[PDB]
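Report on the structure given below.
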Amino acid sequence: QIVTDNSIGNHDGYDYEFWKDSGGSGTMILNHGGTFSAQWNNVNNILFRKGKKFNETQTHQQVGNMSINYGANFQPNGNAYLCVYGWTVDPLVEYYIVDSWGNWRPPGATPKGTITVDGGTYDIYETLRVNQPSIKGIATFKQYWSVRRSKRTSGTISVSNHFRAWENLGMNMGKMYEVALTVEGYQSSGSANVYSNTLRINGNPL
Ligand SMILES: *[C@H]1OC[C@@H](O[C@@H]2OC[C@@H](O)[C@H](O)[C@H]2O)[C@H](O)[C@H]1F
């Protein structure tokens, strides 16, 4: 259950993944249920996550309501995100619902709107990745974002409400590929202890 290089699998019912590009190091310890700890040092880009991977046949509406209850001790030293993250396919989209960050509030673009949900206010953004790594090879794809206006590191994220807001703004979504509580680091070091992470689909825990 010690993961220090790229790996995808299932641990205690959750689909976990460790992903990094070259350089630096990271360690992910897979703990009970959706929980895990992460540490990273001198990386270029690293992501640690536990959630659900899907078989690319259903819209978010067809999967049903997705909600994540979480808590994490988030200790970045530099740039990092604490978020819900995942992908759709057809179209290929990477997405983020960011509740906390390190020194830099992402994603550096002009907001397209705002959503109020889960006691917070989130700015909504759309950015572009050109010829970058993806779940479907080197690709050009949009990134969709909801970013909280102030940081928090525990609570509930009503994922499907974000998806409805994005679609209302014309941020087209494809078939679900993944939804997961994620820690991302960029050109930084840090640690995170995700001590609570429960994904419920239609009110039922994974
Ligand atoms: C958002 O997160 C990092 C990266 O996505 C990874 O692409 C490679 C794939 O194997 C992993 O599962 C993904 O996390 C993407 O370039 C970036 F936009």
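All Cβ positions, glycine included, derive from the backbone under ideal geometry; neighbour counts span all protein chains shown. Please treat every number below as a calculation from the coordinates, not as lab data.
Would you work out the charge dipole size for the range 2-206 about its Cα centre, treating the Cβ of every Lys and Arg as +1 and the Cβ of every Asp and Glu as -1, and quote it to the nearest 20 debye?
The dipole of the range 2-206 has a size of about 340 debye.
In whole percent, what relative contact order does the chain give with Cα contacts below 8 Å and a gap of six or more residues?
That works out to 32 percent.
At what distance in nm do the modelled label points of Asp21 and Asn44 sit from each other, each positioned 7 Å from its Cα along Cα→Cβ?
0.5 nm
Report, please, the projected area of the range 2-206 averaged over directions, based on the convex hull of its C-alpha atoms, in nm².
Mean orientational projected area (the range 2-206, Cα hull): 9.9 nm².
Calculated from DSSP H runs of 4 or more alone, at -39500 (n - 2.57) each and per residue, what is the 222 nm mean residue ellipticity of the chain, nearest 500?
Numbers: 2 runs with 14 residues, N = 206.
Roughly -1500 deg cm²/dmol at 222 nm, from the helical runs in the chain.
Between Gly9, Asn204, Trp104, whose Cα lies farthest towards the positive end of the dipole of the range 2-206 when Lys and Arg beta carbons carry +1 and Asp and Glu beta carbons carry -1, centred on the Cα centre?
Highest projection toward the positive end goes to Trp104.
Can you give the Kirkwood hydrodynamic radius of the range 96-170 from its Cα pairs, in Å with one decimal?
13.2 Å
Looking at the chain as a GNM with Cα springs under 10 Å, which of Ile46, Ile135, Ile68 has the largest mean-square fluctuation?
Taking springs between Cα atoms under 10 Å, the residue moving most is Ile135.
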